[PDB]
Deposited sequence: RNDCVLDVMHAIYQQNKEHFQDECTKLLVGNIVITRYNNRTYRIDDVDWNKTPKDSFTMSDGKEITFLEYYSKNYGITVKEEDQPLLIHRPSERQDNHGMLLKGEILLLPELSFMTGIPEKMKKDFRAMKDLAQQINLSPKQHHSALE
């Protein structure tokens, strides 16, 4: 009775979740080094909904894509424009938002 594509979408969705939950389990906790900046950071999560194509707001509100950010700042051309972002959450970020989240590219990050 059902549409093949709908059946396929449901199987896809279960497998996507498995993959994302497998990556996070494996990566969350580790520290990475930037080849250009040689600075270290802990991986606290993965933003599966963000990509280097996306923009972030600077201090005065100016928007820049991560592609434009890495090219203008380091002379780095990001090859994989569809990769997710690695999140590093700071230790004094809210009260009852006091600090923003740090965002690294898997392409420029090295395990250890």
property	result
Missing C-alpha runs, given along the deposited sequence, first residue counted as 1	1, 98-100, 117-148
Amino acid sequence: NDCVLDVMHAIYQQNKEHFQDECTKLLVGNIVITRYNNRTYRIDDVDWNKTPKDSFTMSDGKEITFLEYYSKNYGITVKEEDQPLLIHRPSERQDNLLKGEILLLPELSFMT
From here on, numbers count along this sequence of modelled residues.
| query | finding |
| --- | --- |
| Residue range whose averaged C-alpha B-factor is higher in the record, 71-79 or 51-59 | 71-79 |
| Third of the chain's Cα B-factor distribution that residue 103 belongs to, per the entry | lowest |
| Residue 41 by Cα B-factor - lowest, middle or highest third of the modelled chain | middle |
